[PDB]
Number of protein chains: 4
Amino acid sequence: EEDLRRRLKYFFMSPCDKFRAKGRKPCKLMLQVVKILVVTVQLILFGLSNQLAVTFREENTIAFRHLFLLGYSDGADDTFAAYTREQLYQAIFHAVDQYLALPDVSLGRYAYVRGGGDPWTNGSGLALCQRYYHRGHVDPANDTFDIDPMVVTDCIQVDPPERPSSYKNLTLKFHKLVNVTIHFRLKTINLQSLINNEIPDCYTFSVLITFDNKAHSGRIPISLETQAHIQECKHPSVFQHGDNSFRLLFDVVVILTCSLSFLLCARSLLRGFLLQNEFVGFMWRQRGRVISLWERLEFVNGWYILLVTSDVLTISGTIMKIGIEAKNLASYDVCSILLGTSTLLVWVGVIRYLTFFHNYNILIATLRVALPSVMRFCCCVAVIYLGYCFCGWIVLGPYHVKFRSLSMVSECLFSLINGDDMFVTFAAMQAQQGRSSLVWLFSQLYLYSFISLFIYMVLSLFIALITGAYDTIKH
Amino acid sequence: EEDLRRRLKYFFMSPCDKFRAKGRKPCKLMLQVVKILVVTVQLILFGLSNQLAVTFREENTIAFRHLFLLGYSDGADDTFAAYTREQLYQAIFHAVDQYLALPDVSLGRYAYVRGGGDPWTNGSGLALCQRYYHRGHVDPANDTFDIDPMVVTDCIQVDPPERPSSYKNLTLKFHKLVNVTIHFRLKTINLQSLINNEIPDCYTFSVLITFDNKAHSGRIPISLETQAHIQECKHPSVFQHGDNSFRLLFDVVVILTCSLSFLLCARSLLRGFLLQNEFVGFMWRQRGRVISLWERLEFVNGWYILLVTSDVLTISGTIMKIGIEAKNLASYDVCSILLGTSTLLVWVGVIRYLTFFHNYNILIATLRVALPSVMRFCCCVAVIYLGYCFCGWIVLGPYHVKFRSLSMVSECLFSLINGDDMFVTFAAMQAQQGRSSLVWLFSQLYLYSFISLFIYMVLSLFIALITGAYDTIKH
Amino acid sequence: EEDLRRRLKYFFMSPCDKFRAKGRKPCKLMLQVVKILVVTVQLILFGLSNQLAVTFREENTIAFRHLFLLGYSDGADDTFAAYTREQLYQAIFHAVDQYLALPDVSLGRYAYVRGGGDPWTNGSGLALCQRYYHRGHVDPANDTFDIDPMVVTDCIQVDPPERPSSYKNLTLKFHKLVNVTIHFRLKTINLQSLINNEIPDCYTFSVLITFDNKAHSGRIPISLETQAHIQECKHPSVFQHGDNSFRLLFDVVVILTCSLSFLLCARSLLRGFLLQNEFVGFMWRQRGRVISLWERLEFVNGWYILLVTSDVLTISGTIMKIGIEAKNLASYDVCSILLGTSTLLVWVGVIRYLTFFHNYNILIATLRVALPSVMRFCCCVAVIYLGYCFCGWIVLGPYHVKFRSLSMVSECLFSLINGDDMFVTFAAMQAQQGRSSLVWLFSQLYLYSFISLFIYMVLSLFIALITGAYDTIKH
Amino acid sequence: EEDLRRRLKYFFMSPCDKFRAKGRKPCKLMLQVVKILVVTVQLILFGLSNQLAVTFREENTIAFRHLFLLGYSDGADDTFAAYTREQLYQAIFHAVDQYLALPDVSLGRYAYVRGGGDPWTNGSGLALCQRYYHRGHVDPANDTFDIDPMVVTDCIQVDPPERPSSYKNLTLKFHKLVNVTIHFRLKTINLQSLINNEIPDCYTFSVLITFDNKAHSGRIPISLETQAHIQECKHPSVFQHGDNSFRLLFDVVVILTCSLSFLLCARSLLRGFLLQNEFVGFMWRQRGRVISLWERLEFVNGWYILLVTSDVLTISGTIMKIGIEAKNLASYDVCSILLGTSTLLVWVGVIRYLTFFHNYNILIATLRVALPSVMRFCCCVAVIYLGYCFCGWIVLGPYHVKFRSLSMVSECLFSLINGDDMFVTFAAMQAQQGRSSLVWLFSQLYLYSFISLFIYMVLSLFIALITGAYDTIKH
Ligand SMILES: CCCCCCCC(=O)OC[C@H](COP(=O)(O)O[C@@H]1[C@H](O)[C@H](O)[C@@H](OP(=O)(O)O)[C@H](OP(=O)(O)O)[C@H]1O)OC(=O)CCCCCCC
Ligand SMILES: CCCCCCCC(=O)OC[C@H](COP(=O)(O)O[C@@H]1[C@H](O)[C@H](O)[C@@H](OP(=O)(O)O)[C@H](OP(=O)(O)O)[C@H]1O)OC(=O)CCCCCCC
Ligand SMILES: CCCCCCCC(=O)OC[C@H](COP(=O)(O)O[C@@H]1[C@H](O)[C@H](O)[C@@H](OP(=O)(O)O)[C@H](OP(=O)(O)O)[C@H]1O)OC(=O)CCCCCCC
């Protein structure tokens, strides 16, 4: 520390002592405070426009399941099937007879498409199709079965009449069938213009009823899918952009203020790297050996590496959100994560504002001392925790529904050590008590030892590691 | 401490040492003990009269949903709707045909109103009305839509016959409709006079059936509302006030005894302010600087500021409860909070009676040392906790019902760190596993990191702060 | 300690040092070990005979609800009612037509009673009765109502024919009715003689169908009750007492061995009282003042006061269980508590056998040091906990079902601080969000402050009191 | 320690110091690392072939309950019964009429058996049978009942016609019947050859419909059972073993590599026993007395005793899994436990690899110091915990369903101290509030004292034992 006491001990510095040494107003500091009030308000004005366009989308799918499926009651979306050979005829014919008489029984003013796509012809609106094996003759107890898997697509085409036969002659070959699908499209007008007070959207659905039979087990599940394709509709109206000028000028400010904060925060990371040369350069190997890949990262502080990354995640989400004016992108799964994960990192930066206080620093710096010791112990438990996942998946696998796959076993074993759906899993074991009573005896040894290891001892380590790292900050 | 050792060290004083110095019987202390046995008994005699008048009110609404709605089974109050154009005709006509034949199928002896209100005429009892746009012609794929929002109120009036046509000619214009409401009123006699043994009340309901269609999505929810308007009914009977003299003389005692305790407790706050002049006045800036806005509030003790406020909340609730004899106020939401929040503060004052013991003081004064350190750490977590609310609301928003609004996200994320409805949220993510499988991967990173931060570390700080503030009271 | 070092320091004594001083085999100690293996085996042989006689009793009530009630589906035992005036005629007539044709549609071989009781005549088996007000004429909007409460009992009597009219002329006066009940009895033969291999029991039920209308709110709940009256049936068979001699000789051993242990344990309490005279008698007020109501109870040890009481509870339950041979007592609610609470106290006496070990004593004597400090703090919380019960019962009372009475509020507030039915209570508040939106704002302040007081601080005191009383046993 | 400092202090040795003394590459150590990647991949390739063969098995049983049972809706598998004498005729006849017309209404191409088993004749496919008492005449109120238990098996035989009467004359004797069963078998072809691309399996079911009446209580539960008998089906096809050569050569590697690791790990246990002779042999009773059955087990380390046992459990599960090629064994309950429990012990051996680090050893060796003290305290609680099981089973036994047997009481009392199904048990007590109101008062003393003993104190001992054993590893 020969020459640069004025400069190297100005880098390591509390921001409240900036006024005493030289003094300049915090135009560097309060720029990040603006980012709190600019990014959050962007998300609320976008999140309330996404909430409106889903509660209309998911309430046409419910209205499509009652008009197009035979005997649909609420709550049954997985147990709804067809078990006889005459219920599958009555489910296909009811889905078409309600399509050929749609604007006389349904309310909402839907209209047909006269489609010209790939699973349609030149003048069709409905296309029910079959898939089955091209050559097959199976018979149990006379075991000459021949399988050549090649799907045969025998589509049936019918058009909708509006202003005032060849599908009833349908054969399915039930010992050969794979699945029967139904394709049609409907256009509607979103009449939710109370909040917009301007031109609303014009939607175009795509309903897919699937009579899937892949298990070949005498059970055909029936479902319904939609893909709400959204674009503008050609209006003869005028002056839409009187209210459109209140939302697009606000989104380019985020492109500015997060990138204007990307200029200043990254430059502070350049200034921290030039002072690495000034420090070890004049320390000309004086204390033997200086750099051991730990003294270089002292200049690199963990808060500027967070705001630089949070500016990249924000600027990659604002460009995608501009694709709502007229652009033909339909991907809200990517656009919402890039805005959502960035907003998670913007808010946790306020802890740095709470860091420079002498009474909050004790409550935070224990989470930097214990953060190695907690994460070290999490590797001694995630070896044990992966042990009970493979043992429960193959023994309690055929008999129970909760223990079926490792995406579901690791959710039912992790919710059971925190105290939820516990007696439901014990009471489900006793439905197989008389049925193969040795599995029930192993399911009592499995569900008593796993629950009394991660609650009574392993959960009690995480209490003792924080308290053991709380006495070492003031004693 | 020159002159007032007899007086300033009589203010700071344990109440059990009052007898030794001068000595007077505790007519100041035991007045608050009477307030325990006067306010609580007021609430139980009022709470058991409110319980009787609601279990009659909410069991006529259930009886109105079965008589007036077509196909109403229990448990369905949100999934009950109408999806075709003929089920809405059969739901309006069944609600009127059971109104024009009400005293021949229903038990309970209801009677009509012959109403003279604002949505009625001079001689009507039932008024079904429409609302629709005044000028509209929408059509998808021929996109000339014109909207001028102005509700048109085409009410239909019909009267009930009792002693031994123009509504069947109803058209709704389903591509233009907003909502269809139904207004009528019924009067009944509360025959629950077992506990009263005197004149009971006479009610007048107001049933509102709402065929609301605001989403314009092919789904019309059906509901029913009541506002039980309550006043007396003109009796030719005599001597009601033989049992009425057991409840109104007891309520003016609370007006006395809480205000007589407002005279003595506030005067003790005046006496604590005059001794502020006697203390710092004769300390004529002797130790440099005395008052720094912390030494003034030493005279202000936190228990007399609580009982003064609890007397204002009580006296503002006793005046409102007098409006049950003959007054025409109908507001129980304000009257019950003013009594309920006051009773919460009366009971916690008993801790002051448990404060002056040498074995309970250790168990309470740790909650005054740790109360800063817990509340400081709650500000370092409510910044993180508001981070995960915005990230979960826009990503897991369209796909799930629990994560729909911040009034519901902050209830499902807070119940998940205490161990409830945990596996229900994990099993609801896997219904969208094949459907857009990148959201499911983010919902595993979101629901494993949020749950292992506020249970394994942050919940383990609150254990270490109490223990760290429990060793500093006896070591 | 002058004279009785041989005797007073033989009273205070570990039982493993009994062999070294004088020496006698533990016929005093191992008598209590026999009580472990005699009382527990009595309960299992009695508990498995009570389990068999209830699963037959509660599976005739389910079979009676399907044969005698119109439209009874499972799961609905509180929502089952009758809302129109014609459904109450069809529910009474179906309960009688299935009684007059019972042995032709029902399986089980039930038989009639030809009853001679108090609500019957000389030759009747079925008695449907009415109760209504003797003088009443109520009318809303012409408010001259007169009430004279006196029940009029107009019973209708009909007899069952078996070997090959005046009830159809029934009028109920629905604006005057109170309730309509139905009384009959059936006799059956318990054919579950697989485990008995001797004469089984012969039952006589009593079915009570109640069309109760006390609310007068247009809703009549329908229910069914049974009282299975049990005695012997007059058999011409012989040699029942070949298997009866395996269960009554085993129950008089408990009358002996618990009372033979009442002779020795109470005599040890007499011997502890005579040595109180020998101790303070020769201490002739030597150290000033000796007895201060704490030194007398040093001789009284807390384990012999437990086994004496556990012998009284056992001997009062064995006498009652003898009333199953031929005695006409029917009270299993008293007999099972006297056996159950006694068995709870027999098992916790084994801790005394684990007390005399130098490695288990540390784990138990912390529960005698902390047991004052935990119970002192439980009085500082049960004052706060009773505060939130009265505030939640009157504000969240009319709007919600869980917060209806203090027998239910104190179960829903206590299960919410341990982590169960938490999000169910938050999601039930938002069904009244638009309906009177100030109650919903108070229900967020009520259900966030109560849950973050008894989990984050008050639950963290009980961890700090045990740890603070665990360092004071070895440091 | 005279002669063998080179040898006895080479046994006690960290494996990272093996290179410094003599030096050889870890072919002993990394063999166990191969066992991680060989046993786990064996379980995933076997677990995904068991998952496919169960989701076909349990989706034919659902398809059999809708085709063969009258009025079967989903969710009712215990409440489905028959209560009148005409519903049992309509349930037997519907199960046969859908069997004699099975290949005309059902999809899946099932075929009959023409069975030649023990409950069949020479040319039958369906066998409905009766069981009843051979001599019985019971009558209540004329109490001459005679019972001679001997089952009479009156089977009725009928054959299925395919290419284009004596069962309708059936009498059941309902006052004498025991149960009515139905036996038939069906063969189907598993058409799930997408993942196999070769010859699939050929199944043969066995459906058992049971009209069991053992309670004789007017309720006959109806159920359905299957035993999917699996073997090959005689194919005229060729070249199945092109894909079969990818799974059987991988399973004999586990037979090698776990037994090749059984040669080296057991030899290390032989070498630890020869050095017991070298240690105490040259210590010729020098320090008085050496071996006290604690110094012998110092050579026996707890990790080699675990891998030897885990090799026996693995080699006993690989031999059983070979019985899937052509062997006629059908026992997956034994084969999955021998693989599952072995895989649990393979994964926990990785803790030994995390043991030899100076920062993970503190987090693990506390679980060897506290493991006595936790297990000692678990014996002082499992005496109390067995006390509340017998007290709750006989008092809350007849009235409630959750407290019915000790296999269910010990699951509902253990899930209640961890915070699950808590308010469900409190709300179930209040359904018997008016009915025998002294049991309800005892159920509040029972469910408030048991829950505030094992959460507020006993759960707080396990936190204080870990923290008390964490300060004794670094202070
Ligand atoms: C005369 C008009 C009517 C007044 C009738 C008065 C009848 C009588 O005998 O006087 C008592 C009076 C004390 O009452 P005083 O008016 O001062 O009131 C004090 C005041 O209420 C404090 O807040 C009380 O403390 P705490 O909240 O309880 O902790 C305290 O209660 P307690 O100590 O009373 O328990 C009181 O001292 O004496 C004196 O004034 C001091 C000596 C000067 C002599 C004054 C002689 C009157
Ligand atoms: C004679 C009538 C029948 C009595 C048959 C008696 C047969 C015989 O051999 O006498 C033993 C008797 C001791 O029994 P004793 O009647 O005093 O009974 C004592 C009493 O039961 C204590 O409560 C026991 O303590 P603990 O709850 O176990 O902790 C203790 O048990 P234990 O120490 O026995 O284990 C007993 O000392 O001796 C003496 O009286 C003292 C010497 C005076 C000589 C008396 C000679 C009889
Ligand atoms: C010749 C027959 C085939 C044998 C081929 C042998 C090829 C060769 O180079 O010999 C090595 C052999 C050591 O192997 P050795 O048979 O004694 O086996 C030891 C044994 O397996 C221990 O349990 C191992 O400890 P750990 O579980 O790992 O902790 C240890 O492993 P490692 O130390 O090996 O890693 C072994 O020492 O040397 C000696 O015998 C001692 C010197 C005497 C000279 C002996 C010269 C052969």
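Residue numbering in chain A adheres to Swiss-Prot, whereby the residues present occupy positions 38-201, 216-526 in order.
Every residue gets a Cβ built from N, Cα and C, even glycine.
Per Swiss-Prot, the stretch carrying the note transmembrane segment among A:127-147, A:351-371 is A:351-371. Listed ranges A:119-124, A:277-282, A:469-474; the one Swiss-Prot annotates as motif 'Selectivity filter' is A:469-474. Different topological domain names are assigned in Swiss-Prot to A:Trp335 and A:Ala479, which places them on opposite sides of the membrane. In Swiss-Prot, the entry for N-linked glycosylation site among A:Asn179, A:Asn230 corresponds to A:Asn230. Same-chain neighbours of the topological domain 'Cytoplasmic' (A:322-350): 39-41, 44-45, 48, counting only residues six or more beyond its ends whose CB sits under 8 Å from a CB of the stretch. On its own chain, A:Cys284 (disulfide bond) has A:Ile240, A:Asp252, A:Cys253 as residues at least 6 apart in sequence with a Cβ closer than 8 Å to its own Cβ.
In terms of DSSP secondary structure, the topological domain 'Extracellular' (A:372-382) contains 1 helix, 0 strand, 10 coil. The highest number of surrounding Cβ atoms within 10 Å, among the disulfide-bonded residues A:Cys166, A:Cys192, A:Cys253, is found at A:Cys253.
The stretch in closest packing with the transmembrane segment (A:428-448), judged by the count of Cβ pairs under 8 Å and taken from A:66-86, A:299-321, A:351-371, A:492-513, is A:492-513. Within its own chain, the topological domain 'Extracellular' (A:449-456) is flanked in space by residues 443, 463, 476, 479-480, 483, 486-487, 490, which lie at least six positions past its ends and keep a Cβ under 8 Å from the stretch.
In the three-state DSSP scheme, A:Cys192 (disulfide bond) falls into the coil class. One thing to note is that 14 residues go unmodelled from A:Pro201 to A:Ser216, and the Cα atoms at each side are 16 Å apart. Among the recorded positions A:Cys166, A:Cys192, A:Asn230, none has a Cβ under 8 Å from a Cβ of chain B.
Just so you know, the Cβ of A:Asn230 (N-linked glycosylation site) picks up 15 other Cβ atoms within 10 Å once every protein chain is counted. Within the chain carrying the transmembrane segment (A:66-86), a Cβ under 8 angstroms from the stretch's Cβ atoms is held by residues 52, 298, 301-302, 304-305, 308-309, 311-312, 315, 358, 365, 369, 372, 390-391, 393-394, 397-398, 400-401, all 6 or more beyond its ends.
Within the chain carrying the topological domain 'Extracellular' (A:478-491), a Cβ under 8 angstroms from the stretch's Cβ atoms is held by residues 446-447, 450-451, 453, 498, all 6 or more beyond its ends. A:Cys166 (disulfide bond) and A:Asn230 (N-linked glycosylation site) have their C-alpha atoms 9 Å apart, to the nearest angstrom. Applying DSSP to the topological domain 'Extracellular' (A:478-491) sorts its residues as follows: 10 helix, 0 strand, 4 coil.
Remote same-chain partners of the topological domain 'Extracellular' (A:372-382), defined as residues 6 or more beyond its termini with a Cβ less than 8 Å from a stretch Cβ, comprise 83, 280-283, 295, 299, 302, 390. Separation of the C-alpha atoms of A:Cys192 (disulfide bond) and A:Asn230 (N-linked glycosylation site): 12 Å, rounded to the nearest whole number.
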